[PDB]
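Next up: the same protein chain in two forms, each one alone, written as structure tokens (structure 1, then structure 2).
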Structure 1
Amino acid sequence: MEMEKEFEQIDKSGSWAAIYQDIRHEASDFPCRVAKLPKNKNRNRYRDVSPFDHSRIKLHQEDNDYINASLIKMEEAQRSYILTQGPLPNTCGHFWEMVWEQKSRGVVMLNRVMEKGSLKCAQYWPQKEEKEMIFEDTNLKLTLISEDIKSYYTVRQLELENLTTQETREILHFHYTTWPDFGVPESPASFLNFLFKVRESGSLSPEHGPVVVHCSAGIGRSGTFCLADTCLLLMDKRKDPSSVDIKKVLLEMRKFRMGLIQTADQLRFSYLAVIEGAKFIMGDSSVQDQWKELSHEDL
């Protein structure tokens, strides 16, 4: 593939940092006026990570519609994602309000609550069936229904209830627990095994609202996940691996949220994941079982 040839050339010349810096230099800069309003200071986890105004998710409330969340609409791939920061103690109600209003079926969490000795995300979902969470400010209730615990990720089935109408929805929560802050997954196989677990759930399908993807800031790990998924979907459309330009796809995504993919090694890993995933897209369905084995998800 042209993607494989490009990877080989960058590796041989040792120019991942330069390629990655080129992307940062060419990336879109759009205003984030709402994110920077004084009233929204305590709704942002990081001073330097904000949603662009043009693509921010608006909460459907009159008081304050702001959440640090972006709609990434990949027009050619025909898939949308919401990328958001790890909720703060005061924005967990907003987070589930967004999930409800945007009709999302899945939440993909790529971080842990504590990383490198600091708190990176609130405990925004219940870990025990009998201890449900009630978000009084947004009139929502959230109950853990079941979970499937694997070695490096956990899938949870949640029930989200609109307390105003008593309507309920199933939310699937995919928690990747071994992807370090500013780091990469253990292998392409472990990443792809997890990505296709998300896909198989239906959470990425167009009948539902956009999947909500987050890490701590919602850009490094979240960007890597969504770049790989979109590239594999583009390749699927006409079964043509050489028709995917990873750097171009990443620049397109960065029109919708700043800073997606935060290290040169996350960019390199993205290539690895797409190159390996291409084996499945191009017709070797058996490689999915191989990824499951190589991921050691039982062990």
Structure 2
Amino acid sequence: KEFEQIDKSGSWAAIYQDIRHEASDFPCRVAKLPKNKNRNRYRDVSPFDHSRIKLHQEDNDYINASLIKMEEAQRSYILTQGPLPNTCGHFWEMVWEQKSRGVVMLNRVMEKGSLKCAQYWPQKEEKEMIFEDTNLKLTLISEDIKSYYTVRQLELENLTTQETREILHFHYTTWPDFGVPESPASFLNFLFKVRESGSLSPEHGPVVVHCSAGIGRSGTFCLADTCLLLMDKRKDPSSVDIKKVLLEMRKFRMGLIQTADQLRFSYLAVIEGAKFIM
């Protein structure tokens, strides 16, 4: 309906232009500190200080991650940048401290002939990783390589307390180099797979979602998710405004959704998903 009205008038880019300017702006002083210069993958994508995830590290608690707490939907997510060669230890520290269950990678390690993030997880179960700096060990238990994604069951063990924890890695591997998925069907399906695992359920810490910047594609995941959740707990699609929900998330992290193209997709995914989870 609203989507149809926008489409016929092609007002999408303007709608987005508007969102982009309505969005909240908050300090990122910690992020901009010189001592954190190398803990950041991009200069233009930083975590607002008010919502940044602080490492329980007395040394330096900086990790480019933000907690998006969605009150009404009763769902929290942790959006982060793809781990840098020097920050995989911190990434796994965060996952441990925030008692996260799932990890959502919405990118490939190399896209457009460029390396968009670090290989922070073990590829072969025979060769586990040990993050010295953070004193954590990571092991591949299994994985299910599928057509448009892959589920990996990792095990994170706190080497300090010898305590083990099962982590789930949901890897979406078919998000186009340019554009957005031609159809939501696979994305929604990936979203639902994430949901079924319980990694998105309240009995756990917030899910750690990420791409490269950890805002474009990761933002779409969360928006689609939350919109579908509210629409569900109200069973009243009518009151669920994608534009308002997005802006609401923007109070917690910048540039969620990078292009008006992705915004259109979010509408598609949410609308399509309503024909089930609502």
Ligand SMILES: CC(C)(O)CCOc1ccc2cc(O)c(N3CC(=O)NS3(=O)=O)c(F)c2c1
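Residues that one form lacks are left out of the comparison. Rigid core (definition): largest C-alpha set, two forms, superposition within 1.5 Å. For numbering, take structure 1's sequence and count from 1.
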query: Index of the chain form solved in complex with this ligand, chosen from the pair; finding: 1
query: Residue showing a 2 Å-or-more C-alpha displacement between structure 1 and structure 2 once the rigid core is overlaid, selected from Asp181, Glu161, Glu147, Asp137; finding: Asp181
query: Displacement in Å of the C-alpha of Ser216 between structure 1 and structure 2, rigid core kept as reference; finding: 0.1
query: Residue ranges moving between structure 1 and structure 2 (criterion: at least three consecutive CA positions shifted 2 angstroms or more, core aligned); finding: 180-183
